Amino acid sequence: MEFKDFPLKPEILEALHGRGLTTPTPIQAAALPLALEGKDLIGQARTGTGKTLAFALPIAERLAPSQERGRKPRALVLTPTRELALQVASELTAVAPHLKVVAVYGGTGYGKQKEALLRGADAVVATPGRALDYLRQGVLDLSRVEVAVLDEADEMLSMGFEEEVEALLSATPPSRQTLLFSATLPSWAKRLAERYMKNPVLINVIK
């Protein structure tokens, strides 16, 4: 089916069609019906096969806009690099225009990112190190997080972010919906899913 056939807010559809996106890729077609209704998923898919929208869309659909100054984020996306955090934050911003998205990453100063958070955030896309930092400073509050996404989990293992990722997940409420994306499923990823997810459906589109 095309995107227009799924139960997506009109504004989200408008955003998709404007960029010539009309038909879900394999990972999106299998994941969306599950994700849209709140279920935990594990997604195995390579880069370039549309994994990003497979979680951006469900975030866009679940979260209503809010006007509350200083509000805590309701969605958390963790990525292994500053580069990927900025790409993902840009995409989420495109498909979810009703939300305030804030990217958070190392390699720069603390000032600009901290002002954005304190002013208010609906969704935070972040590398694990910089997220922990702001959590530890009482700047990033993860207690209202309704959706948590691990993007390229096997890569975060590779970058050495495991202790940090676990701490960040622990901080979110168990009431959360969890989405783990990863090309490979190393021992650490499996443990993570047993520990943080609820009866996740595994979807694999690798050749």
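When you see a residue number, it is the position in the sequence shown, counting from 1.
When the modelled residues of the chain are ordered by their C-alpha B factor, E155 lands in the highest third. Ranked by Cα temperature factor within the chain, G138 sits in the highest third according to the deposited record. When the modelled residues of the chain are ordered by C-alpha B-factor, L57 sits in the middle third. Per the deposited record, the Cα B-factor of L168 falls in the lowest third when ranked against the other modelled residues of its chain. For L86, the recorded CA B-factor ranks within the middle third of the chain. Only modelled residues enter the ranking.
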